[PDB]
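Heads up, my_file-v4.tsv below (TSV, C-alpha atoms and all ligand atoms):
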chain	number	residue	atom	x	y	z
A	469	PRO	CA	30.17	-19.19	-0.48
A	470	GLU	CA	31.01	-16.61	2.19
A	471	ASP	CA	29.97	-12.96	2.09
A	472	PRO	CA	32.22	-11.28	4.69
A	473	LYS	CA	30.10	-8.15	5.19
A	474	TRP	CA	27.16	-10.29	6.36
A	475	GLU	CA	28.94	-13.20	8.07
A	476	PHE	CA	28.40	-13.41	11.84
A	477	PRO	CA	30.52	-15.49	14.26
A	478	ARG	CA	28.64	-18.50	15.62
A	479	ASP	CA	30.28	-18.15	19.04
A	480	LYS	CA	28.67	-14.71	19.38
A	481	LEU	CA	25.19	-16.21	18.83
A	482	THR	CA	23.17	-17.81	21.64
A	483	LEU	CA	19.87	-19.41	20.62
A	484	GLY	CA	16.78	-19.22	22.82
A	485	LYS	CA	13.11	-20.16	22.73
A	486	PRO	CA	11.19	-20.84	19.50
A	487	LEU	CA	9.07	-18.11	17.93
A	488	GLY	CA	7.19	-20.01	15.22
A	489	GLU	CA	7.41	-22.46	12.36
A	490	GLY	CA	5.94	-23.41	9.01
A	491	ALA	CA	6.73	-25.74	6.10
A	492	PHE	CA	9.84	-23.85	5.03
A	493	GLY	CA	11.87	-23.41	8.23
A	494	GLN	CA	11.62	-22.25	11.82
A	495	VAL	CA	12.40	-19.07	13.77
A	496	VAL	CA	14.01	-19.00	17.21
A	497	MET	CA	14.78	-16.09	19.50
A	498	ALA	CA	18.48	-15.48	20.04
A	499	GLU	CA	21.11	-13.24	21.59
A	500	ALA	CA	23.72	-11.70	19.28
A	501	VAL	CA	26.73	-10.01	20.89
A	502	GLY	CA	27.97	-6.98	18.98
A	503	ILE	CA	25.85	-7.53	15.88
A	504	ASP	CA	24.85	-3.84	15.91
A	505	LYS	CA	27.89	-1.88	14.76
A	506	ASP	CA	26.39	1.29	16.26
A	507	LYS	CA	26.75	-0.30	19.73
A	508	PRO	CA	29.36	-3.03	19.19
A	509	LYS	CA	29.56	-4.01	22.89
A	510	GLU	CA	25.91	-4.72	23.76
A	511	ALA	CA	24.10	-7.98	23.07
A	512	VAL	CA	21.13	-7.54	20.72
A	513	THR	CA	17.98	-9.66	20.87
A	514	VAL	CA	17.43	-11.05	17.36
A	515	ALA	CA	15.40	-13.62	15.46
A	516	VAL	CA	17.08	-16.50	13.62
A	517	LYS	CA	15.46	-18.25	10.66
A	518	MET	CA	16.78	-21.77	10.10
A	519	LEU	CA	15.88	-25.12	8.57
A	520	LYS	CA	14.06	-27.96	10.32
A	521	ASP	CA	14.93	-31.60	10.90
A	522	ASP	CA	12.52	-32.59	8.10
A	523	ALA	CA	13.77	-29.90	5.71
A	524	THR	CA	14.09	-30.63	2.00
A	525	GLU	CA	16.44	-29.58	-0.79
A	526	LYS	CA	14.11	-26.74	-1.79
A	527	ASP	CA	13.78	-25.62	1.84
A	528	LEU	CA	17.53	-24.99	1.99
A	529	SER	CA	17.54	-23.34	-1.44
A	530	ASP	CA	14.56	-21.10	-0.64
A	531	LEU	CA	16.21	-19.94	2.60
A	532	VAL	CA	19.38	-19.09	0.67
A	533	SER	CA	17.40	-17.16	-1.95
A	534	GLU	CA	15.51	-15.25	0.74
A	535	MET	CA	18.85	-14.31	2.32
A	536	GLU	CA	20.21	-12.89	-0.94
A	537	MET	CA	16.98	-10.95	-1.54
A	538	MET	CA	17.13	-9.24	1.87
A	539	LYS	CA	20.73	-8.15	1.21
A	540	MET	CA	19.55	-6.12	-1.80
A	541	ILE	CA	16.60	-4.42	-0.08
A	542	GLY	CA	18.43	-2.49	2.62
A	543	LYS	CA	17.14	-0.90	5.80
A	544	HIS	CA	13.78	0.86	6.10
A	545	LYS	CA	11.47	1.80	8.94
A	546	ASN	CA	8.64	-0.53	7.84
A	547	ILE	CA	10.68	-3.50	6.56
A	548	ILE	CA	12.16	-6.27	8.69
A	549	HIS	CA	15.92	-5.83	8.52
A	550	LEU	CA	18.64	-8.40	7.85
A	551	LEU	CA	21.36	-8.14	10.50
A	552	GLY	CA	23.70	-10.98	9.53
A	553	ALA	CA	24.03	-14.64	8.69
A	554	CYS	CA	25.95	-17.80	9.61
A	555	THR	CA	26.73	-19.73	6.41
A	556	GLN	CA	30.22	-21.20	6.92
A	557	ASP	CA	30.71	-24.49	8.78
A	558	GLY	CA	27.31	-25.39	10.14
A	559	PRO	CA	23.61	-24.82	9.53
A	560	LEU	CA	22.51	-21.72	7.66
A	561	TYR	CA	21.42	-19.06	10.16
A	562	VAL	CA	19.58	-16.00	8.82
A	563	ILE	CA	19.63	-13.29	11.51
A	564	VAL	CA	16.94	-10.61	11.20
A	565	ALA	CA	15.44	-7.89	13.38
A	566	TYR	CA	13.30	-9.05	16.30
A	567	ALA	CA	9.64	-8.06	16.67
A	568	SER	CA	8.03	-8.85	20.02
A	569	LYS	CA	4.34	-8.42	19.11
A	570	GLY	CA	4.15	-11.21	16.52
A	571	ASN	CA	2.56	-10.99	13.09
A	572	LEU	CA	-0.13	-8.47	12.19
A	573	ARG	CA	-2.90	-11.09	11.93
A	574	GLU	CA	-2.53	-12.45	15.46
A	575	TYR	CA	-1.73	-8.89	16.57
A	576	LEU	CA	-5.07	-7.48	15.41
A	577	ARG	CA	-6.93	-10.62	16.52
A	578	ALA	CA	-5.59	-10.00	20.05
A	579	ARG	CA	-7.20	-6.53	20.17
A	580	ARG	CA	-10.83	-7.25	19.22
A	595	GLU	CA	-4.55	-7.24	25.09
A	596	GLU	CA	-4.62	-3.62	23.91
A	597	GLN	CA	-7.43	-2.00	21.91
A	598	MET	CA	-7.39	-0.69	18.35
A	599	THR	CA	-8.82	2.72	17.44
A	600	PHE	CA	-9.57	4.17	14.02
A	601	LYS	CA	-6.32	6.14	14.14
A	602	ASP	CA	-4.40	2.94	14.94
A	603	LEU	CA	-5.78	1.19	11.86
A	604	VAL	CA	-5.03	4.11	9.53
A	605	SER	CA	-1.57	4.35	11.08
A	606	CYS	CA	-1.03	0.68	10.20
A	607	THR	CA	-2.05	1.17	6.57
A	608	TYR	CA	0.17	4.25	6.22
A	609	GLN	CA	3.33	2.48	7.40
A	610	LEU	CA	2.70	-0.53	5.15
A	611	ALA	CA	2.15	1.82	2.21
A	612	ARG	CA	5.52	3.44	2.96
A	613	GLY	CA	7.36	0.13	3.22
A	614	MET	CA	6.02	-0.97	-0.17
A	615	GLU	CA	6.90	2.39	-1.74
A	616	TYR	CA	10.55	2.00	-0.75
A	617	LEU	CA	10.36	-1.67	-1.71
A	618	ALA	CA	8.95	-0.81	-5.14
A	619	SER	CA	11.60	1.90	-5.53
A	620	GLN	CA	14.29	-0.72	-4.83
A	621	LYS	CA	12.98	-2.70	-7.86
A	622	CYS	CA	11.37	-5.51	-5.86
A	623	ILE	CA	8.05	-7.35	-5.97
A	624	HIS	CA	6.94	-9.01	-2.75
A	625	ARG	CA	4.38	-11.46	-4.27
A	626	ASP	CA	3.24	-12.60	-0.80
A	627	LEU	CA	1.85	-9.46	0.87
A	628	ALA	CA	-0.58	-10.41	3.65
A	629	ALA	CA	-1.35	-9.65	7.28
A	630	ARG	CA	0.49	-12.79	8.44
A	631	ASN	CA	3.66	-11.58	6.65
A	632	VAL	CA	3.73	-8.27	8.56
A	633	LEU	CA	5.55	-8.06	11.90
A	634	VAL	CA	4.85	-5.69	14.80
A	635	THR	CA	7.64	-4.52	17.10
A	636	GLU	CA	7.60	-3.58	20.79
A	637	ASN	CA	6.89	0.05	19.80
A	638	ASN	CA	4.09	-0.94	17.37
A	639	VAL	CA	6.03	-0.41	14.12
A	640	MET	CA	4.74	-2.42	11.17
A	641	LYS	CA	7.50	-4.53	9.57
A	642	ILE	CA	7.07	-6.20	6.18
A	643	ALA	CA	8.62	-9.68	6.22
A	644	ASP	CA	8.66	-13.02	4.36
A	645	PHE	CA	10.79	-12.39	1.26
A	646	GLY	CA	10.99	-16.07	0.27
A	647	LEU	CA	8.83	-15.40	-2.80
A	648	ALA	CA	10.19	-11.91	-3.55
A	649	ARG	CA	11.88	-11.27	-6.89
A	650	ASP	CA	13.65	-8.38	-8.59
A	651	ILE	CA	11.85	-6.62	-11.44
A	652	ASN	CA	13.11	-4.16	-14.05
A	653	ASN	CA	10.91	-1.94	-16.30
A	654	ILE	CA	8.77	-4.61	-18.02
A	655	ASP	CA	6.53	-7.27	-16.49
A	656	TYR	CA	7.90	-10.25	-14.59
A	657	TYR	CA	6.90	-13.45	-16.35
A	658	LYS	CA	7.63	-17.18	-16.04
A	659	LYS	CA	5.96	-20.35	-17.30
A	660	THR	CA	5.24	-22.64	-14.35
A	661	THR	CA	4.06	-26.21	-13.88
A	662	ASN	CA	1.99	-24.67	-11.03
A	663	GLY	CA	2.19	-21.51	-8.93
A	664	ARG	CA	3.06	-20.95	-5.27
A	665	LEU	CA	1.26	-17.70	-4.41
A	666	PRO	CA	-1.73	-17.59	-2.03
A	667	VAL	CA	-4.72	-17.31	-4.34
A	668	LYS	CA	-6.90	-14.99	-2.25
A	669	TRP	CA	-4.23	-12.26	-2.33
A	670	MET	CA	-3.23	-12.62	-6.00
A	671	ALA	CA	-4.15	-10.16	-8.72
A	672	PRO	CA	-6.16	-11.39	-11.73
A	673	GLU	CA	-3.18	-10.94	-14.07
A	674	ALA	CA	-0.98	-12.93	-11.68
A	675	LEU	CA	-3.60	-15.68	-11.39
A	676	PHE	CA	-4.58	-15.97	-15.07
A	677	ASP	CA	-1.70	-14.46	-17.07
A	678	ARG	CA	1.19	-15.32	-14.69
A	679	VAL	CA	2.22	-11.65	-14.80
A	680	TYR	CA	3.40	-9.75	-11.72
A	681	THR	CA	4.27	-6.05	-11.45
A	682	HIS	CA	4.26	-3.40	-8.74
A	683	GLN	CA	0.56	-2.98	-9.53
A	684	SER	CA	0.03	-6.64	-8.61
A	685	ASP	CA	1.47	-5.78	-5.19
A	686	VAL	CA	-1.07	-2.94	-5.03
A	687	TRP	CA	-3.86	-5.52	-5.39
A	688	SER	CA	-2.40	-7.51	-2.49
A	689	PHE	CA	-2.19	-4.24	-0.53
A	690	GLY	CA	-5.94	-3.82	-1.02
A	691	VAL	CA	-6.61	-7.29	0.36
A	692	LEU	CA	-4.13	-6.36	3.10
A	693	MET	CA	-6.24	-3.27	3.84
A	694	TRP	CA	-9.30	-5.51	4.14
A	695	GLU	CA	-7.47	-7.79	6.58
A	696	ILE	CA	-6.43	-4.81	8.71
A	697	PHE	CA	-9.87	-3.21	9.01
A	698	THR	CA	-11.54	-6.55	9.74
A	699	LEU	CA	-9.10	-6.89	12.68
A	700	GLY	CA	-7.69	-10.06	11.14
A	701	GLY	CA	-10.54	-11.55	9.13
A	702	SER	CA	-10.09	-13.92	6.23
A	703	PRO	CA	-10.48	-12.49	2.72
A	704	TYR	CA	-13.54	-13.48	0.67
A	705	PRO	CA	-15.35	-14.92	3.72
A	706	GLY	CA	-17.25	-18.14	3.06
A	707	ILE	CA	-15.86	-18.62	-0.46
A	708	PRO	CA	-13.40	-21.50	-1.08
A	709	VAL	CA	-10.19	-21.04	-3.04
A	710	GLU	CA	-11.72	-23.25	-5.74
A	711	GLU	CA	-14.65	-20.89	-6.42
A	712	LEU	CA	-12.57	-17.68	-6.35
A	713	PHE	CA	-11.29	-18.32	-9.89
A	714	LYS	CA	-14.67	-17.90	-11.59
A	715	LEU	CA	-15.73	-14.98	-9.37
A	716	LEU	CA	-12.65	-12.90	-10.19
A	717	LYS	CA	-13.32	-13.29	-13.92
A	718	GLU	CA	-16.89	-12.06	-13.38
A	719	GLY	CA	-15.98	-8.96	-11.37
A	720	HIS	CA	-16.67	-10.04	-7.79
A	721	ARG	CA	-15.09	-7.94	-5.04
A	722	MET	CA	-15.11	-8.09	-1.26
A	723	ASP	CA	-17.63	-6.09	0.75
A	724	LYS	CA	-16.86	-3.12	2.97
A	725	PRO	CA	-15.88	-3.98	6.59
A	726	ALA	CA	-18.07	-3.02	9.54
A	727	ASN	CA	-16.32	0.19	10.63
A	728	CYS	CA	-14.36	1.38	7.59
A	729	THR	CA	-14.86	4.78	6.00
A	730	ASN	CA	-16.11	4.80	2.42
A	731	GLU	CA	-12.99	6.79	1.50
A	732	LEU	CA	-10.88	3.82	2.60
A	733	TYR	CA	-13.17	1.29	0.91
A	734	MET	CA	-12.92	3.22	-2.36
A	735	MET	CA	-9.17	2.97	-1.77
A	736	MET	CA	-9.52	-0.82	-1.56
A	737	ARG	CA	-11.71	-0.85	-4.68
A	738	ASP	CA	-9.05	1.23	-6.45
A	739	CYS	CA	-6.36	-1.36	-5.69
A	740	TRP	CA	-8.88	-4.00	-6.81
A	741	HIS	CA	-9.23	-2.48	-10.29
A	742	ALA	CA	-9.12	-5.00	-13.13
A	743	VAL	CA	-6.73	-2.93	-15.28
A	744	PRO	CA	-3.37	-3.03	-13.45
A	745	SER	CA	-2.17	0.31	-14.85
A	746	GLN	CA	-5.45	1.87	-13.65
A	747	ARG	CA	-4.70	0.95	-10.02
A	748	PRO	CA	-3.00	3.51	-7.76
A	749	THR	CA	0.73	3.44	-7.18
A	750	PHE	CA	2.24	3.02	-3.73
A	751	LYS	CA	3.46	6.62	-4.01
A	752	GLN	CA	-0.15	7.80	-4.38
A	753	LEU	CA	-1.37	5.61	-1.51
A	754	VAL	CA	1.16	7.24	0.83
A	755	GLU	CA	-0.06	10.71	-0.15
A	756	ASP	CA	-3.74	9.85	0.36
A	757	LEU	CA	-3.16	8.07	3.68
A	758	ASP	CA	-1.04	11.00	4.91
A	759	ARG	CA	-3.97	13.38	4.44
A	760	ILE	CA	-6.44	10.96	6.06
A	761	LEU	CA	-4.14	10.32	9.03
A	762	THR	CA	-3.38	13.96	9.92
A	763	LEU	CA	-7.12	14.74	10.24
A	764	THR	CA	-7.75	12.26	13.07
A	801	LIG	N1	11.48	-11.34	13.71
A	801	LIG	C1	10.41	-12.15	14.27
A	801	LIG	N2	10.03	-11.96	15.54
A	801	LIG	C2	9.03	-12.70	16.10
A	801	LIG	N3	8.39	-13.65	15.37
A	801	LIG	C3	8.74	-13.88	14.07
A	801	LIG	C4	9.77	-13.12	13.49
A	801	LIG	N4	9.91	-13.55	12.23
A	801	LIG	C5	9.03	-14.52	12.00
A	801	LIG	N5	8.30	-14.75	13.10
A	801	LIG	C6	7.28	-15.68	13.25
A	801	LIG	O1	7.77	-17.07	13.06
A	801	LIG	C7	6.62	-17.76	12.45
A	801	LIG	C8	7.07	-18.56	11.29
A	801	LIG	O2	7.93	-17.79	10.48
A	801	LIG	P1	7.53	-17.53	8.94
A	801	LIG	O3	6.56	-16.38	8.86
A	801	LIG	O4	8.79	-17.18	8.16
A	801	LIG	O5	6.90	-18.86	8.35
A	801	LIG	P2	5.81	-18.83	7.19
A	801	LIG	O6	4.67	-17.93	7.59
A	801	LIG	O7	6.46	-18.31	5.87
A	801	LIG	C9	5.17	-20.54	6.93
A	801	LIG	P3	3.33	-20.62	6.99
A	801	LIG	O8	2.73	-19.42	6.32
A	801	LIG	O9	2.84	-21.92	6.26
A	801	LIG	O10	2.85	-20.67	8.48
A	801	LIG	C10	5.65	-16.75	12.04
A	801	LIG	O11	4.46	-16.85	12.82
A	801	LIG	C11	6.24	-15.48	12.26
A	801	LIG	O12	5.24	-14.57	12.75
A	802	MG	MG	4.51	-15.55	7.26

The structure in this file should be written as structure tokens.
Ligand SMILES: Nc1ncnc2c1ncn2[C@@H]1O[C@H](COP(=O)(O)OP(=O)(O)CP(=O)(O)O)[C@@H](O)[C@H]1O
Ligand SMILES: [Mg+2]
Amino acid sequence: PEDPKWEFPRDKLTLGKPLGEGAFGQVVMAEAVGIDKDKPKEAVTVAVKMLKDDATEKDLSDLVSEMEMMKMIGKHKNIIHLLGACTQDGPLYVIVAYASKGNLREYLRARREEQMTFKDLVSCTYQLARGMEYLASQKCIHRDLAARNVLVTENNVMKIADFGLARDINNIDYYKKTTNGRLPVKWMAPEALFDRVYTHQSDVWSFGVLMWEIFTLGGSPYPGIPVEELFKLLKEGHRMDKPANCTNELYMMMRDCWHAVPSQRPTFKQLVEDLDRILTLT
């Protein structure tokens, strides 16, 4: 099944050193000659997501589904961008934009290299609120928004990544009946955890937990509480505490995203407006 507008010649692709791995594939650095149509002569440094030697049938299928999802999203400043793919005659290669600073979690943990200021943190939250606004506008739910799924480029631009669990949503709620779920519990909304319902407001909840990760410089959500005990505490109204240096205006923002009623939570459009005002006065 070839899509000519995304197919990239294998000869033009030279693989390099590894960049990371999980239990769904691996990512290697690579050189791609003429993949950028704006400069069709220069070789572009890219990242290639591919299967592993111990890959499964679902691993291949998930990588194919993540490829099709990224085709629909399009380019944005705060979203990792699909550049091409190698599907015909050989292993599936998913070629995406390269980010040299890693993922946001290890990025912030390595600044407790550089050093993070209050403006830097607010700048991070603003860009991630803009990437989700365009993502929500494109009729998409990420379902796996976390600090580890955000990439940082050489010029410190936040890139939303990991669309393996992303789905398209229309005007009503997304809903399926599952033998068991696959979303990280500590970032899930109560309706996603209990009712198996996911909307753009469920991504707002994850954004709140994402805010907590950012202002803790890479801490783990609900510190000291196992995944097993989080179930009962969410039903009873437990929320995370305010970080050490985090303005109350930004903690009320987190508590807004963490509202029980999904429709009562802010929209990503409103988060961009509020963060814009907070950022300009710094
Ligand atoms: N464009 C890119 N540039 C540099 N590193 C990248 C990258 N894209 C992904 N990576 C890194 O490759 C590593 C593994 O990739 P990926 O994030 O897709 O696996 P994963 O996180 O879904 C499995 P797990 O969560 O169990 O570790 C990650 O640490 C990620 O930061
Ligand atoms: Mg990840």

Between CA of residue 493 in chain A and CA of residue 519 in chain A, measure the distance and give it in Å to one decimal. 4.4 Å

Point-to-point distance in Å for atom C3 of ligand LIG 801 (chain A) and CA of residue 599 in chain A: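 Separating CA of residue 599 in chain A from atom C3 of ligand LIG 801 (chain A) is a distance of 24.4 Å.
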
List all protein, DNA and RNA residues that have an atom no more than 6 Å from any atom of ligand LIG 801 (chain A), counting only C-alpha atoms and all ligand atoms, and report them as a PyMOL selection string. chain A and resi 487-491+494-495+515+565-568+570-571+644

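Pairwise distance (CA of residue 666 in chain A, CA of residue 616 in chain A) equals 23.2 Å.
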
Have a look at A:735, A:665, A:728, A:604 and name the one nearest to residue 689 in chain A; count all atoms listed in the file.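 Checking each candidate against residue 689 in chain A, we get A:735 as the closest.
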
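Minimum distance to ligand MG 802 (chain A) across A:496, A:512, A:618, A:642 (counting only C-alpha atoms and all ligand atoms) occurs at A:642.
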
Who sits within 9 Å of range 626-632 of chain A, all atoms listed in the file, same chain under 3 positions skipped, as a ChimeraX atom specification: /A:547-548,570-574,610,623,640-648,665-666,669-670,685,688-689,691-693,695-696,700

Calculate, to one decimal in Å, the centre and edge lengths of the box along x, y and z of the file that holds all listed atoms of range 616-628 of chain A with 8 Å of margin on each side, and present them as JSON.
{"center_x": 6.9, "center_y": -5.3, "center_z": -2.1, "size_x": 30.9, "size_y": 30.6, "size_z": 27.5}
